[PDB]
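Okay, here we've got a single chain as structure tokens, the form deposited in one PDB entry, with questions on binding and movement later.
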């Protein structure tokens, strides 16, 4: 039922009923969020296979389809974070998971109809973006179920396994598309040059039964708990760039890596390999957080950004001047980018929760605030900041595939976009060096 008496900080309460309830909510939240990341990056897999079905959209148009869900995603993250305390975690989780069936079902029918206008795919693309907003509400919700000591571990597991949703989708979708399942629901195949049949509808339809099962499980298994001037702070905008360069890079490369590989090395079936990128990136986010706890987020973030810049530079030497070579180098460097982008995602996030909380602490104390008020306002501000940072960092998921699409459109080469990425990474190691010299000497 709806919980009125929730005392997670009380050890006796936690041992008695708190831990068991919070364990159940967390472990229904994780699959629900994982599925959100599946639906969010759907077009990273589908847009690769649209020409194979009969669509004649330009390369720039295809990239745009992978880019757009990060727009609505970013925009809706701040509103989504406000929804949980209003409607409760259980109800909003079920609602925000369930509505993802609409673009999943729609896209399945849409890909079988080569008369479907590009405009309709734009709508579906944006609709998939709703899935990208679930992160803000899912994470906000889980924080209330855990004591401040265990939130770090609880939020890390929910977000970590959540981000795994990209890789599992980029693994499963290419596999079920070759399968003749869902025929009873009208799954029609398209004959490919190699003789095999392509069932593109399966790529989105495969999630519908799982979206439904955990929509049901959310309504029956989760609970509701009865229990900003941050924009002005210059540090908020400073940190947002860093999370933009890391999480934005992870989610941006996830959106457009397959599409790019198709434009650089068209022979390689990238879809049987691409998932590994977002896979290690999602694992490195957890690694990045763990390292940051032991050594300090800033130190981890700084070294990571130097690494992002190096591999950003090395990526130029892998590209073909269309002929020729080398894919194996190209993929290796991109794995390194995924890993560092993920690593930096976790490190930056830990860093923001530390730096912003510390400066908030020192501020209210400087105003003559009590220790009690200092701690709680530091909690409000950091929770408010991270939510806003997370929304801004999401826009990188648009920028990178949009930059690849534009660079190729006017030059025929992605190096223009990559050069922009390199400068951004070099700017970031400068930024991160600055905060290491003023705000973080620990």
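Positions refer to the first chain, counted from 1. Here, rigid core means the biggest group of C-alpha atoms that superpose within 1.5 Å across both forms.
- Residue-level annotation: residue 91 has coordinates in all of the other entries compared, counting only those that model residues on either side of it, so it never reaches the one-third mark.
- The records show that residue 332 is included in the coordinate set of every other eligible entry of this protein, so it is not omitted in a third of them.
- According to the PDB entry, the deposited sequence contains 4 to 9 residues between residue 227 and residue 228 that lack coordinates.
- Missing deposited residues between residue 371 and residue 372: none, as the chain runs unbroken there.
- If you average the C-alpha B-factors over 268-276 and over 184-192, the higher value belongs to 184-192.
- Set 230-238 against 208-216 and average the Cα temperature factors; 230-238 ends up higher.
- Out of 323, 170, 96, 202, the entry records its largest CA B-factor for 323.
- Split the chain's modelled residues into thirds by C-alpha temperature factor. Residue 357 is in the highest one.
- The entry lists a Cα temperature factor for residue 327 that places it in the highest third of the chain's modelled residues.
- The PDB entry assigns residue 253 a C-alpha temperature factor belonging to the lowest third of its chain's modelled residues.
- Among the modelled residues of its chain, residue 382 has a C-alpha B-factor that falls in the highest third according to the deposited record.
- Among the modelled residues of its chain, residue 87 has a C-alpha B-factor that falls in the highest third, as given in the PDB entry.
Here the subject shifts to the form deposited in another entry, a form of this protein not shown in this document.
- Comparing the two forms between the shown form and the other one on the rigid core, the single residue of 140, 333, 352, 222 with a CA shift of 2 Å or greater is 352.
- Superposed on the core, the two forms barely differ at residue 79: its CA moves less than 2 Å between the shown form and the other one.
- Residue 156: CA moves less than 2 Å between the shown form and the other one after rigid-core fitting.
- Relative to the superposed core, residue 237 undergoes a C-alpha shift of no less than 2 Å between the shown form and the other one.
- In the other form, the separation between the C-alpha atoms of residue 379 and residue 81 shrinks by 3 Å or more relative to the displayed form.
- Between residue 379 and residue 93, the Cα distance is smaller in the other form than in this structure, by no less than 3 angstroms.
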